[PDB]
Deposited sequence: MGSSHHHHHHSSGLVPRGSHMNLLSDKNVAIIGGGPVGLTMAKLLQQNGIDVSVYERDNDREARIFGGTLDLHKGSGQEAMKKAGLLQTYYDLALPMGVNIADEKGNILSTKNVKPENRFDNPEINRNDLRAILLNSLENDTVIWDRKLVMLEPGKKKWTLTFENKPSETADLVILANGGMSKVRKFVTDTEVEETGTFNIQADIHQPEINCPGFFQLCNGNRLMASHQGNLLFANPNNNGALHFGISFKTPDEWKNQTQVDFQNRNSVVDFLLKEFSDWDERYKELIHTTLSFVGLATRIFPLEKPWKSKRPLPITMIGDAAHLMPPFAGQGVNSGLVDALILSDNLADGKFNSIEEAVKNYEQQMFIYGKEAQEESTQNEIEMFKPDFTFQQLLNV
C-alpha cells in the first residue's frame, strides 16, 4: 500500500520512534529525522507511564511490552500538605504491571531505537522547511542535505513549526505555567524531602501552588511546580537561577522547610507555560501530497491528566495499522480514517486534561 514508496517521520520522540517500529515491522521503508545530535542526548523531564489499554498495546504490538516492564519501576503515591502526609497509596502486587510502571525517557528511547533496523534514525536533522513536489515532498534540513519522501508524518512535538499543510490552527497557552528541575543525590541534597517521598511519588497543593515530585528517575529527583500564570507576566529570568529562587521563595513562604530546601539546592530551572494544540476545527481536506501528524504535534495537551504519550502511541498504532492492511484504497483515505479516530479520543483526552487543570487550580483544591 506504501509498496514502492518511502515514509519520512519528522521527530524521534517516543511517538515517532514507535511509529517507525510498527511501520518497519510490516516491511515499510521508513526514516526518522531527528534534531538531536546523537543517541546519547539527555532528554530532560520526568518519567512516562504507559497504560494497559493504550500505550501498552503499542508496545505489545511492537514486541516490546516485556522490555518496558523490565526497565519500568512501579510507584506508590503520597499526597502531602504544605507540611505532613495525608494519603499513602503503595502499589499492590496485582497492580504493578498495570497502567503504572514509570519509565525513564532515555530508557524508553533506548528500547525503541534498539528495536529498529540500523540507520533508520538519522540524527542531527532539523527539519526547517517542507515543500510539495510533483509526486514527493522535498525536506529541508538546517545545514544538511535535503531529502525527499512520499509520505511525511510529523512527530516533532507540540511546537512544530511545519504544520501549515495540515492545519492553520495554532498553539495556545492555557493560563498555567510549569517550573521543572532535577536534583542529583537527592538523599544527600534534599534529605528531608527525599525522606517524605519515601520511595513514592509526592504531590502537594496549597493556595494555588502545586508541587509534584518523583524521587527515583534513574537516581535523580525530578520535581515540578505549577501555578496560574501571574498577570504581571516572563518577569522572571530562567537563565538567572536567583530570580527564579527569589520568586519561588516568595510563593512558597508558607511551606515547610523541606520544600524550601528543594528550591534552594536546585542548580537549574526550566520554565514552560502550559500549552494546548486544540482539536477545535477539522484539518485541511485539500492537501497537495500525503502528510499527517501524530503525538503532541497532533494534540499537545496539558500534562495534568497523565495523558500525553499514551494517546500519541495509540495514534502510532491506529496509523500503522491503517497504513499496513491495504484495507483502504489510498494512503490519503488511510490518513483520513486515522485522523477521524484521533479527533474523537484526542478531544476526550484534551477535555479530561483541561478539566483537571481547571479543577486543580481552583483555589481550595485537595488531591483527595
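- Coordinate coverage of the deposited sequence breaks at 1-22, 256-258, 394-398, these segments carrying no C-alpha atoms.
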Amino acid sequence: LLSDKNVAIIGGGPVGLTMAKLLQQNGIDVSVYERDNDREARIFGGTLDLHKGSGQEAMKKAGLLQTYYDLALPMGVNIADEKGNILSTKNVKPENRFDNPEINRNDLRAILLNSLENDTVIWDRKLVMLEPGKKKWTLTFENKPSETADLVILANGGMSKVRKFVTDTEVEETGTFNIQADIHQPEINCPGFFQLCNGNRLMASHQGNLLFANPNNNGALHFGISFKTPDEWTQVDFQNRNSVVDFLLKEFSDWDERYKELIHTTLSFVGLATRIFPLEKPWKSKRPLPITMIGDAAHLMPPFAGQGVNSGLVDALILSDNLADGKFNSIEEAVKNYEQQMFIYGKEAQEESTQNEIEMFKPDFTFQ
From here on, numbers count along this sequence of modelled residues.
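- For the cut-off of one third of the other compared entries, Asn104 stays well clear, since all of them model it along with its flanks.
- In the record comparison, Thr234 is unmodelled in at least a third of the other entries of this protein that model the residues flanking it.
- Here 347-355 and 8-16 are compared by their mean Cα B-factor, and 347-355 comes out higher.
- As the entry records it, the average C-alpha temperature factor is higher for 279-287, out of 279-287 and 196-204.
- Within the selection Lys161, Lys126, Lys136, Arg109, the deposited Cα B-factor values reach their highest point at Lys136.
- When the Cα B-factors of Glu102, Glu131, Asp296, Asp182 are read from the PDB record, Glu131 comes out highest.
- Ranked within its chain, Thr47 lands in the lowest third, by CA B factor from the PDB record.
- In the PDB entry, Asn310 places in the lowest third of its chain by CA B-factor.
- Among the modelled residues of its chain, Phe98 has a C-alpha B-factor that falls in the highest third according to the deposited record.
- Among the modelled residues of the chain, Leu319 sits in the middle third by CA temperature factor in this PDB entry.
- Annotation for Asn178: CA B-factor lies in the lowest third of the chain's modelled residues.
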